[PDB]
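Overview (structure and organization)
So you can see what is in the structure, the chains are spelled out below.
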Amino acid sequence: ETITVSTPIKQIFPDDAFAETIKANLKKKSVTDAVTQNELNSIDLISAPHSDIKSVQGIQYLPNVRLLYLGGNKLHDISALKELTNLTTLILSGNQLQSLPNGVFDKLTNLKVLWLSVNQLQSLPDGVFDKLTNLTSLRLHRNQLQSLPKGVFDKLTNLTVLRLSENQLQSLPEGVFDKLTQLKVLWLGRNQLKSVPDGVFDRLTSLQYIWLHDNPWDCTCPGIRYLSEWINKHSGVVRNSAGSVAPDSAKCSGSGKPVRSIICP
Amino acid sequence: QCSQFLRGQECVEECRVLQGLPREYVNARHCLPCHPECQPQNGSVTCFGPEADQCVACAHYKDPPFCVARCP
Ligand SMILES: *[C@@H]1O[C@H](CO)[C@@H](O)[C@H](O)[C@H]1NC(C)=O
């Protein structure tokens, strides 16, 4: 997308905060100033955390934007990001996203960092991350996910960090982590998980840190056998919310005994 | 008096979580440097806490679970 004639910032970016943002970025004197496409082409980095931005309408005119720090605003719509193909870092944490368009990230194939935390996401579309083959960090902390689509991470073979804590996850799909052989950091704490699929962690051969605390683990046998044996075999990998090694941090619901203390006949 | 984040006594809008040196983590809205033995990362945070066993990767050697300056 291209503007053909000089146009006021205020007209390209109808959001008052975001227009102010573009003006400061281009060092203009006021949002009434007209801008060219070559000036918009010059924008590589937008950083506007906690800026009261309610829409990024107009951002589609920034073909070279590569780093987008938009955490802590009031966005509920991100449709205009769809063709920002040079994005490598997209921080949308702390906005008002309740859902994501199907295929919204499909053209953002250079994305490395995608942070969607502290929103109100109720679900993830099937295949929403499939085109992000270069993604290394995905954060979905503090949303309202109760389930995940089968295979939702399968294309993220380079993923290094995956944050799924403080959701409402009732269950993990079988095989959900099977392709993440480079994954080093996995948060699953503060969800509603009573169990995991047998073998769910067995392809995570680079894993260094995992959070499993504040889940209502069902410690009846034989269902708990895999998770108990895994923690015992990975006792230095489990971290508590404070960040310390704490294999006992994964607790049985009801009794509060450590999951790893359970022995099944 | 700081509305967003503090680096020492300075009020800043962001910490050096994904770029800038030294790389940082945040605790109670304070920017704090990652342990110097964590290797700065491109595409992820560099640390999740202060300690030499909370790095994503070690800059030099690793004496599990700690990143260390000298060959163990
Ligand atoms: C990561 O690598 C890219 C491409 O090589 C580079 O442009 C960017 O500055 C780097 N990341 C950091 C924060 O150094």
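Residues numbered from 1 in each chain as written, not as in the entry; some residues may be left out. Chains lettered and ligands numbered in written order. Heavy atoms only, no water.

What the entry reports as its method is X-ray crystallography, with 2.03 Å given for the resolution.

**Comments concerning helix α2 (residues 16-26) of chain A**
All names here are of chain A. What counts, and what does not: The classification of residues rests on relative accessible area computed with a 1.4 Å probe and restricted to protein chains. Under 20% of the type maximum is buried, over 50% is exposed, and intermediate values are partly exposed. Working definition: helices are DSSP H or I runs of at least four residues, strands are E runs of at least two. Numbering for both runs from the N terminus. Contacts are assigned to residue pairs with any non-hydrogen atoms lying within 4.5 Å of each other. In the analysis that follows, any N or O atom pair within 3.5 Å is treated as a polar contact, provided that within protein one partner can donate a hydrogen and the other can accept it, and provided that, for residues neighboring in sequence, both atoms belong to side chains.
Every buried residue belonging to α2 is among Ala-17, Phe-18, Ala-19, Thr-21, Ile-22, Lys-23 and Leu-26, and all of these are buried. Looking at the packing, one finds that the buried side of α2 touches α1 (9-12), β2 (34-35), α3 (37-41) and β3 (45-47). The N-cap residue of α2 is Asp-15: its side-chain oxygen and the backbone nitrogen of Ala-17 are 3.0 Å apart. Just past α2, the residue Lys-27 takes up positive phi, approximately 55°.

**Side note on a positive patch on the surface**
Residues and elements named next belong to chain A. Filter applied, for reference: Residues form patches when they are more than 30% accessible in relative terms and have no salt bridge. Like charges link within 9 Å. Nonpolar side chains (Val, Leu, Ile, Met, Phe, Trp, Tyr) link within 5 Å. Method for areas: the Shrake-Rupley scheme with a 1.4 Å probe, in which residue coverage is limited to the protein chains shown. Basic side-chain nitrogens of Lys or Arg form a salt bridge, by our definition, when they fall within 4 Å of a carboxyl oxygen of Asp or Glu. Residues scored as charged are limited to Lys and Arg (positive) and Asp and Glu (negative), so that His and the chain ends carry no count. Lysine's charge is taken at NZ, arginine's at CZ, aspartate's at CG and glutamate's at CD.
A cluster of basic residues, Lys-131, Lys-155, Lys-179 and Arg-203, forms a positive patch on the protein surface. When you line up the elements, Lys-179 lands in the loop between β8 (161-163) and β9 (185-187). Residue classification places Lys-179 among the partly exposed positions, given a relative accessible area of 44%.

**Description of the UniProt feature "disulfide bond" in chain B**
Residue and element names in this part refer to chain B. Here is the rule: Criterion for a disulfide: a pair of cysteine sulfur atoms within 2.5 Å. UniProt positions are given in the numbering used here, feature names are shortened, and annotations may be inferred rather than shown by experiment.
Agreement with UniProt is obtained for the disulfide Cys-34 to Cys-47: its S-S length of 2.0 Å falls short of 2.5 Å. Of the two residues, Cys-34 is situated in the loop between β4 (30-33) and β5 (61-63) and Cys-47 in the loop between β4 and β5; the sequence distance between them amounts to 13 residues. Like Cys-34, the residue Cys-47 is buried in the burial classification.

**Here we look at the nonpolar core**
Soluble globular proteins tend to pack their nonpolar side chains together in the buried interior. Keep this limit in mind: Each nonpolar core is a collection of buried residues, namely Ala, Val, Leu, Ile, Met, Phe, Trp, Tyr and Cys, held together in the definition by side-chain atoms within 4.5 Å.
Grouped together as the largest cluster of nonpolar side chains are 85 residues, with contacts concentrated most on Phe-105, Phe-129, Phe-153, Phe-177, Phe-201 and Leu-212 of chain A. Listed by contribution, the elements that provide at least two residues to this core are α1, α2 and α4 (225-233) of chain A. Examining the composition of this core, we find that 5 residues originate from one element, α2 of chain A, more than from any other. Dropping the residues within four chain positions of it, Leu-212 of chain A is found in contact with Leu-188, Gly-189, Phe-201, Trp-217, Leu-227, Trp-230, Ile-231, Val-238 and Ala-250 of chain A. One finds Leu-67 of chain A together with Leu-18, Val-45 and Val-56 of chain B within the second-largest nonpolar core, a separate group that totals 8 residues.

**Quick word on the side chain of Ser-117 of chain A**
Residues and elements named next belong to chain A. Checked against the element boundaries, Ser-117 lands in the loop between β6 (113-115) and β7 (137-139). Classification of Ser-117 by relative accessible area gives buried; the value is 6%. A distance of 2.9 Å separates the side chain of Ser-117 from the backbone nitrogen of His-141, its partner in a polar contact. Beyond its immediate stretch of four places on either side in the chain, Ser-117 contacts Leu-92, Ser-93, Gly-94, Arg-139, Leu-140, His-141, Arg-142 and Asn-143.

**Observations regarding the interface of chain B and chain A**
How big an interface is tends to be expressed through the accessible area that disappears when the partners come together. Heads up, the condition is: Defined in terms of a 1.4 Å probe, buried area is the accessible area two parts forfeit on being brought together, summed over both. Three classes are used: nonpolar for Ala, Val, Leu, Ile, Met, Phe, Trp, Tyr, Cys and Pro, charged for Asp, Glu, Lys and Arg, and polar for all others, with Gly counted as polar.
Between chain B and chain A, the residue contacts involve 16 residues of the former and 22 residues of the latter. Summed over both partners, the interface of chain B with chain A comes to about 1,400 Å²; 57% of that surface belongs to carbon and sulfur atoms. Inspection of the region where chain B meets chain A yields 1 salt bridge. Note that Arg-239 of chain A is salt-bridged to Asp-53 of chain B, the shortest N-O span being 3.0 Å. Taken together, the connections running from chain B to chain A amount to 8 residue pairs in polar contact. Its residues assigned to classes, the side of chain B that touches chain A shows 6 nonpolar, 5 polar and 5 charged.

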